[PDB]
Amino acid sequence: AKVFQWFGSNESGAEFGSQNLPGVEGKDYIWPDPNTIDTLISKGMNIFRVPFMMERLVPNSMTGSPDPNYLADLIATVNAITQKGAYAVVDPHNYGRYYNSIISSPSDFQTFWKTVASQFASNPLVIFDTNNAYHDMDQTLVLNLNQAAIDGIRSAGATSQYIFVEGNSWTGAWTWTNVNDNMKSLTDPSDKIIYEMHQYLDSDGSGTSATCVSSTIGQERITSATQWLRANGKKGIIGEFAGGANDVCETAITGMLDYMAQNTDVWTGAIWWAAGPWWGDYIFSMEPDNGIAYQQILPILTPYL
């Protein structure tokens, strides 16, 4: 059932092997497979988030020219998604950092975002994601970086697209109200800001263990974020979530999605972490046809597709 505006999967791989910059395609990183994206589209997903490294797209200086090969493959991936009618989220998977240093220049970040947005300005099914999971950095800077991204995107004439903004504390939903209240002041002339939060279900919320705290931990961890969105007249998306292929996690996943389904005045949907071609036996692999989550979790996501 078409419960949410957006329901889909991350398509990870282009950000793999980040210790090697620029690194080598086919050895350090790989782009998503359009054929397996088609399969997930056939299952009813309509949004695919595509991580990539800023340093690989725009080397040495974020204000510089794109790397032709890496950009060409980003373009190809985005077009493979949007040509089918689905939404493609362009996600610089960079944690608010560039060459492992916090991005402290909003002006530099705005130029980076004009450069990226210019490549996709006429495509209304592209979604721009300012940066993945800002963390351990100045709270006002996170606000200013998100605004600079919005400004750069709209300055390129990319005005039809939604913009996913992300907050501090790894943009966690469960930590949102404790640190990210200032994010309410972001402005967009297109009025298409979506607050992208992430929520994992293991004890520390890192999403590194297949064990979930309890059968209700997901719905508990997004309640205050839901109220924050409603109180501030904002819209949100869960841009990453996952749980292990086990009984407790299946119930936590459905409980949290069932809760968002009764709160769609603020929740636009949810995006699983993650599919992609190099996950192998990853505990959360949504990659068709043999990913653990593709085999064992996707059946419980049927009511939302």
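Start at 1 and count along the sequence shown; that's the residue number.
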task = Taking the mean of the C-alpha B-factors per stretch from the entry, tell me the winner out of 85-93 and 208-216.
result = 208-216
task = Taking the mean of the C-alpha B-factors per stretch from the entry, tell me the winner out of 68-76 and 161-169.
result = 68-76
ask   = Where does residue 245 sit by CA temperature factor within its chain: lowest, middle or highest third?
value = highest
query = Which third, lowest, middle or highest, does the CA B-factor of residue 103 fall in along this chain?
reply = highest
note = Among the modelled residues of its chain, the C-alpha B-factor of residue 279 falls in the third labelled highest
request  = Could you tell me which third, lowest, middle or highest, the C-alpha B-factor of residue 270 occupies within its chain?
outcome  = lowest
key: Ranked C-alpha temperature factor of residue 53 among modelled chain residues, by third   = lowest
